[PDB]
Amino acid sequence: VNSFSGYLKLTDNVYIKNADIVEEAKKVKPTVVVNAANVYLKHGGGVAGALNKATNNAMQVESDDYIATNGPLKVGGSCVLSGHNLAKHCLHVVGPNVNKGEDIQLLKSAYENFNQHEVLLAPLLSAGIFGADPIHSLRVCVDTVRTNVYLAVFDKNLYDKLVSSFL
Ligand SMILES: Nc1nc(N)c2ncn(Cc3csc(Cl)n3)c2n1
């Protein structure tokens with residue numbers, strides 16, 4: 001038993017809700033929140049900008065020290081950093097950004113990072129301003145992640161479409 005409430009059950013291990021990831025993390029305080037990061041951990045918009053803003057820029061400060069020491073992530077890769085006031089940990093995961101010309105086949109690789117964590121609160125990777133098809137991202141998530149993932153979709157209209165089209 002965990003603290004997640006109000007989710008539609010999609011499969012044995014995947015759940016979904018129409019929620020802003022920031023409000024959802026502040027309420028649950030999960031062990032792991034996933035950030036939809038870029039390789040530079042530059043948290044400008046989408047999920048990253050919203051999460052970072054909620055940490056009063058502490059996420060960005062921590063991230064800049066990480067990059068200065070380790071260099072950029074790979075597309076498809078991840079790193080674990082602090083969750084600040086939102087979670088114990090933040091798993092920064094880089095899905096392919098379609099609007100950047102990155103290979104969408106790396107979306108499966110990106111979701112594989114979730115399997116290193118028993119339970120996660122996460123957004124749909126590569127959706128929204130990353131330019132991939134959200135229906136596709138949800139399908140790759142369900143077909144790749146084996147651990148317990150609580151998916152949050154902020155756009156109501158998108159949420160309704162994802163549910164009604166899910167096989
Ligand atoms: N659950 C949630 N909460 C937000 N505050 C939010 N903002 C943009 N998206 C969609 C998204 C997924 S991956 C990238 Cl990039 N954007 C969000 N999803």
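Both counts, for ligands and for their atoms, begin at 1 and track the order of listing. Counting begins at 1 with the first residue of the sequence.
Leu51 is listed as a side-chain neighbour of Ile21, based on a closest heavy-atom distance under 4.5 Å.
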Please tabulate, line by line, the atom pairs linking an N/O of ligand 1 to a protein N/O at a distance below 3.5 Å, with the distance in Å to 0.1, or answer 'none'.
from     : atom 1 : to     : atom 2 : distance (Å)
ligand 1 : 1 (N)  : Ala19  : O      : 3.1
ligand 1 : 1 (N)  : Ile21  : N      : 3.4
ligand 1 : 1 (N)  : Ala152 : O      : 3.0
ligand 1 : 3 (N)  : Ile21  : N      : 2.9
ligand 1 : 5 (N)  : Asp20  : OD1    : 2.8

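With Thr147 contributing its side chain and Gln116 its backbone, the two residues share no donor-acceptor pair below 3.5 Å.
The two residues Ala19 and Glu24 make their nearest non-hydrogen contact at CB-OE1, 3.9 Å.
Every residue two or more places apart in sequence or in another chain that forms a salt bridge (charged side-chain N to carboxylate O under 4.0 Å, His left out) with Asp160 is listed here: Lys156.
The CG atom of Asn97 sits 9.0 Å away from atom CD1 of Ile104, with the distance rounded to the nearest 0.5 Å.
Ring centroids of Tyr150 and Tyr7 are separated by less than 6.0 Å, placing the two rings close together.
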